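*Asks:* Following this message is one structure expressed as structure tokens.
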Ligand code: HEM
Ligand code: HEM
Ligand SMILES: Cc1cc(N)nc(CCc2cncc([C@H](CN)Cc3cc(C)cc(N)n3)c2)c1
Ligand SMILES: Cc1cc(N)nc(CCc2cncc([C@H](CN)Cc3cc(C)cc(N)n3)c2)c1
Ligand SMILES: C[C@H](O)[C@H](O)[C@H]1CNc2nc(N)[nH]c(=O)c2N1
Ligand SMILES: C[C@H](O)[C@H](O)[C@H]1CNc2nc(N)[nH]c(=O)c2N1
Ligand SMILES: [Zn+2]
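Chains as they are written, first to last, in the entry's author numbering: chain A, 299 to 338, 350 to 716; chain B, 299 to 338, 348 to 718.
Have a look at this one:
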């Protein structure tokens, strides 16, 4: 019931009590751990509302006050009559910030209270969605001095009128399977690109074509919009020492912005809620560039470095990996686009954990995602025991809409 | 039931049924995952089902389930348990059990090897001196002048828990650590507490950076006794770098034989509290953890200094660059001296093939991702992208507390 987490580098032990407030299920049982699996009515709603409103009124030091009891009363009345309820602005803001605070896979949460919340609940059409999203993109980008933001579209009603952004991120590159058998662009995005073309997009057919948005308002068929090119800040990738690096023709975008997740606050479901921060360098340099199923660039880079690729034991993959990651960080920093390295981010997270343990009684953290995909044990998070559990408000994965949607 | 694991690089999906045979707990519940927690005297009544599960598993493995041999063995074991409160394994059952505890070790990336294990039966041992001899023989056999062979040496099982065999060393070969009055540590900081124990017990400490610790051995619940492994049996590798001539002057070396000596082997309900086992190293164990952990030899700074890297900001990735060079050096050094070692790319690739084989022939392969993924270059190894299921099968190796925390001193 009361649980200890130990840091094996520093011997610091912290005690977790926050997990007792956990609500949802983990995927694990006493017989099987699923820690490494990527995807493990009126009646239901009033408890969820009450749970949330209690935590909110507690946060503003007015728990069990008349304003507390009056709002619980009001939400209760409203669910009774209408089958749902509407969050106050103060509650929506609190809820969005806490969904981020509770996101166990996010190493960037020291920042959680500084989130700019854009209330797009008054949106009704796909053109409106497009407008809201351009404004989000411009605000968050801020000419390279990035600011965290979320834009929240209307909540689910009967579920036949869902707002969705069909894109997985606001900004992503097209992928095209070629006669050649190879893939041009991002292999992650082949299926979505086909949907875009099939819906009428005219693809430039290059290696870094920013995808159009596919927006679904009010459960209608999604429509296509292109983000103003001038709002998408991109960074050409060069290396501080290797002059040939630029010749690889690599670039990435400045703004990481997840658009396929579902935000749950007080039992209400916000199925379109694009959110953004800034990159940790490894995300681009290790994963986007070096995953065999992605741009898969290790081979080309190692060749330009003139390394012995004959045997795995020469660690050519590892050498080229480091360089690619030095290049990414240098390029963002030179163009003054906000980026964080995995050493600084993980150090920040350890501090955030201590804060959360001290002020909140714990911090749900998923070690499998928090530990960077390179140089794991030379980051402090590797040595830090973490407990993973699900608190609400939360961000949840949801299925790609082309499976749900009836055209 | 059926559980599926996906590999996100290949889209290959595997189906686990083996997890239905799991019994012990994981630490996890439907409300909390403890997948990153390092650490998440039997009665007769408990013992006969444990013996029976094991014997049914053994007899099935030799295609003799339900034979007269199988039935007669169950009867014989049952009678021994009710008569003596315990039982003895046949040599064949002991071998099978030891191999299976390895096959079942979910934190072990080297399991493709599991069926090649030399088992030394040391159940006739009675004294610390006897244990010393057995362990010397294990070291010499496993070392094989650099052509390393996996092995385990199994000392007598637990009886009343007051007569335990234990190796107090956590590994058979490890280096001393000495806390200095000024707060610095000489040698390996992981081994300071044990080093102080050896010293107190009468060890004459050379007080250098790589002093091989003496063995501290407990037989039959007695106070443990000190013994020095003959130095000519302890194979070591001086670490040098293929391109950097100054790497040798760091004065680094490491031992060739990784040999765990503090774990408990459970077979059919019986508990083998002293069961030292050894394989060969994966390079990162030394180059990443032993050399570069802040709490271990902590060489990153010195290496990066010598390399003249920009050390004013982490974003130059100086630590990452030094890290790779050190690991190249370890692999090169072991290879040049013809001492078995495997790189983390080779080891993980073989583990995936092993895992897929097991899913096909066994219905599963319990694996702990947190431990299986290497501590450098995680996602450029195939295991990073492989979903895994962790659960506990027996026979098994288990952690046990250090014996100095529990021992009743006789004086
Ligand atoms: C401000 C700087 C931020 C940093 C440096 C950061 C860092 C990260 C990183 C490295 C990941 C792993 C991404 C991956 O492997 O694909 C992640 C995941 C995540 N973060 Fe953040 N984060 C930031 C801001 C945010 C914000 C603003 C939110 C929400 C408001 C958020 C919620 C999440 C969620 C839900 C995930 C898991 C995503 C998934 O399941 O695919 N983070 N964070
Ligand atoms: C044959 C070559 C082998 C290789 C390359 C290898 C590889 C590894 C590695 C890298 C670890 C993680 C070490 C760490 O982080 O501390 C490990 C853990 C382990 N392996 Fe092996 N292994 C080998 C043989 C063996 C043998 C012979 C056994 C027993 C018969 C064994 C049982 C284990 C166990 C029980 C662990 C978990 C240790 C603990 O919890 O402290 N492995 N293996
Ligand atoms: C807000 C934010 C900040 C930041 N620094 N990075 C991000 C990364 C977003 C992202 C980019 N590319 C891929 C992903 C995820 C996989 N790593 C997508 C994903 C896939 C699956 C199967 C499950 C899941 N939960 N999430 C997430 C978001
Ligand atoms: C048979 C074998 C082969 C191989 N390649 N490597 C090994 C490494 C053994 C080892 C060496 N140094 C430390 C450890 C473990 C953690 N890494 C010790 C440990 C500590 C704790 C707190 C728990 C635990 N289960 N195990 C294990 C053994
Ligand atoms: C199977 C495994 O869970 C999967 O490859 C994970 C591992 N850790 C990760 N960690 C982060 N931050 N992001 C990821 O996409 C993944 N992928
Ligand atoms: C806290 C965390 O579980 C701990 O640092 C683990 C992580 N993964 C590991 N993996 C291996 N192979 N060996 C270890 O000692 C550890 N330590
Ligand atoms: Zn778990």
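Built from N, CA and C at the ideal position, the CB exists for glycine as well.
#1: Could you tell me the boundaries of the alpha helix (DSSP H) in which residue 315(B) lies?
#2: In the stretch 313–324 of chain B, which residues sit with their C-beta less than 7 angstroms from some C-beta in chain A, listed in chain order?
#3: With H, G and I counted as helix, E and B as strand and the rest as coil, what does DSSP make of residue 585(B)?
#4: Does chain A have any CB closer than 8 angstroms to the CB of residue 333(B)?
#5: Taking just the CA atoms, how far does residue 436(A) sit from residue 715(A)?
#6: Give the interface partners of residue 403(A) over in chain B, defined as CB-CB distance under 8 angstroms, in chain order.
#7: Note down, in chain order, every chain A residue with its Cβ under 7 angstroms from the Cβ of residue 606(B).
#8: Kindly list the residues whose CB is nearer than 7 angstroms to the CB of residue 648(A), restricted to its own chain and excluding five residues on each side of it in sequence; keep chain order.
#9: Using the C-alpha atoms, what's the distance from residue 628(B) back to residue 631(A)?
#10: Is residue 566(B) helix, strand or coil when you go by DSSP?
#11: Rounded to whole angstroms, what's the CA-CA distance from residue 449(A) to residue 710(B)? Just pull it up for me.
#12: Can you tell me whether residue 370(B) is helix, strand or coil according to DSSP?
#13: Would you please verify whether the beta carbon of residue 626(B) is less than 8 angstroms from any beta carbon of chain A?
#14: Do the stretch 471–484 of chain A and the stretch 557–567 of chain A touch if we need at least three Cβ pairs shorter than 8 angstroms?
#15: Determine whether the beta carbon atoms of residue 426(B) and residue 569(B) lie at a separation below 8 angstroms.
#16: Could you spell out where the alpha helix (DSSP H) holding residue 641(A) opens and where it closes?
#17: Using the DSSP secondary-structure output, state which residues sit across from residue 425(A) in a beta bridge.
#18: Using a Cβ cut-off of 7 angstroms, which residues of the stretch 683–697 of chain B contact any Cβ in chain A, in chain order?
#19: Beta carbon of residue 693(B): closer than 7 angstroms to some heavy atom of ligand 5?
#20: Identify the continuous beta strand (DSSP E) that holds residue 524(A) and give its terminal residues.
#21: At a threshold of 7 angstroms, does residue 565(A) count as lining ligand 3 (C-beta to nearest heavy atom)?
#22: What do you reckon, is the C-beta of residue 336(B) under 7 angstroms from a heavy atom of ligand 6?
#23: For ligand 5, is there a heavy atom less than 7 angstroms away from the beta-carbon of residue 677(A)?
#24: Please list the terminal residues of the continuous beta strand (DSSP E) segment that includes residue 653(A).
#25: With a threshold of 16 other CB atoms inside 10 Å of the CB of residue 545(B), please say whether the residue is buried or exposed.
#26: Using a threshold of 8 angstroms, state whether the C-beta atoms of residue 534(B) and residue 521(B) are closer than that.
#27: Does residue 634(B) get closer than 8 angstroms to chain A when you measure Cβ to Cβ?
#28: What is the DSSP secondary structure of residue 593(B), reduced to helix, strand or coil?
#29: Helix, strand or coil for residue 545(A)? Go by DSSP, reduced to three states.
#30: Could you spell out the range, first to last residue, of the beta strand (DSSP E) harbouring residue 574(B)?
#31: Please go through the same chain and pick out, in chain order, the residues whose beta-carbon is closer than 6 angstroms to the beta-carbon of residue 581(B), but skip the five residues on each side of it.
#32: So what does DSSP say about residue 505(B), is it helix, strand or coil?
#33: Spell out whether any CB of chain B is found under 8 angstroms from the CB atom of residue 327(A).
#34: When you compare only the Cα positions, how much space is there between residue 365(A) and residue 403(A)?
#35: With a threshold of 8 angstroms, are at least 3 pairs of Cβ atoms found where one atom belongs to the stretch 698–708 of chain B and the other to the stretch 407–417 of chain B?
#36: Could you tell me the boundaries of the beta strand (DSSP E) in which residue 393(A) lies?
*Replies:* Based on what the coordinates show:
#1: Per DSSP, residue 315(B) lies in no alpha helix (DSSP H) and is assigned neither H nor E.
#2: Identification of residues in the stretch 313–324 of chain B having a C-beta nearer than 7 angstroms to some C-beta of chain A yields 317, 320, 323, 324, given in sequence order.
#3: Reduced to three states, the DSSP call for residue 585(B) is strand.
#4: Any Cβ of chain A closer than 8 angstroms to the Cβ of residue 333(B) would place that residue at the interface, and such an atom is present.
#5: Residue 715(A) and residue 436(A) have their alpha carbons spaced roughly 21 angstroms apart.
#6: Near residue 403(A) there are no residues of chain B at all, since even the closest Cβ is about 24 angstroms away, more than 8 angstroms.
#7: Neighbours of residue 606(B) on chain A: none; closest Cβ ~11 angstroms, over 7 angstroms.
#8: Cβ within range, chain order: 587, 588, 590, 638, 641, 642.
#9: Rounded to whole angstroms, the separation of the alpha carbons of residue 628(B) and residue 631(A) is 6 angstroms.
#10: When secondary structure is reduced to three states using DSSP, residue 566(B) falls in the strand class.
#11: Whole-angstrom Cα-Cα distance: 57 angstroms.
#12: If DSSP states are grouped into helix, strand and coil, residue 370(B) belongs with coil.
#13: Cβ-Cβ to chain A under 8 angstroms: yes for residue 626(B).
#14: Yes, the stretch 471–484 of chain A is in contact with the stretch 557–567 of chain A.
#15: In this structure, residue 426(B) lies away from residue 569(B), with their beta-carbon atoms at least 8 angstroms apart.
#16: Judged by DSSP secondary structure, residue 641(A) falls within the alpha helix (DSSP H) whose first and last residues are 625–643.
#17: Under DSSP, residue 425(A) takes part in a beta bridge, and its partners are 458(A).
#18: Only those residues of the stretch 683–697 of chain B whose C-beta falls short of 7 angstroms from the nearest C-beta of chain A are listed: 683, 684, 685, 686, 687, 691, 694, 695, 696, 697.
#19: Answer for residue 693(B): yes, Cβ within range of ligand 5.
#20: 522–525 is the extent of the beta strand (DSSP E) around residue 524(A).
#21: With a cutoff of 7 angstroms, residue 565(A) counts as near ligand 3, since its C-beta is closer than that to a heavy atom of the ligand.
#22: Judged by the Cβ position, residue 336(B) qualifies as a neighbour of ligand 6 at the 7 angstroms threshold, a heavy atom of the ligand being closer than this.
#23: Judged by the Cβ position, residue 677(A) qualifies as a neighbour of ligand 5 at the 7 angstroms threshold, a heavy atom of the ligand being closer than this.
#24: Careful: residue 653(A) lies outside any beta strand (DSSP E), inside the alpha helix (DSSP H) at 651–669.
#25: With fewer than 16 other Cβ atoms inside 10 Å of its own Cβ, residue 545(B) counts as exposed.
#26: Cβ distance < 8 angstroms, so residue 534(B) and residue 521(B) count as in contact.
#27: True, the Cβ-Cβ gap to chain A drops below 8 angstroms.
#28: Assignment of residue 593(B) by DSSP, reduced to helix, strand and coil, places it in the helix class.
#29: Reduced to three states, the DSSP call for residue 545(A) is strand.
#30: 571–574 is the extent of the beta strand (DSSP E) around residue 574(B).
#31: Taken in chain order, the residues that qualify are 462, 472, 473, 474.
#32: For residue 505(B), the secondary structure class from DSSP, reduced to helix, strand or coil, is helix.
#33: Output row for residue 327(A): interface = yes.
#34: If you take the alpha carbons of residue 365(A) and residue 403(A), they lie about 7 angstroms apart.
#35: By the Cβ criterion, the stretch 698–708 of chain B is in contact with the stretch 407–417 of chain B, since at least three pairs of Cβ atoms, one from each stretch, lie closer than 8 angstroms.
#36: Looking at the DSSP string, residue 393(A) is not in any beta strand (DSSP E), and its letter there is neither H nor E.
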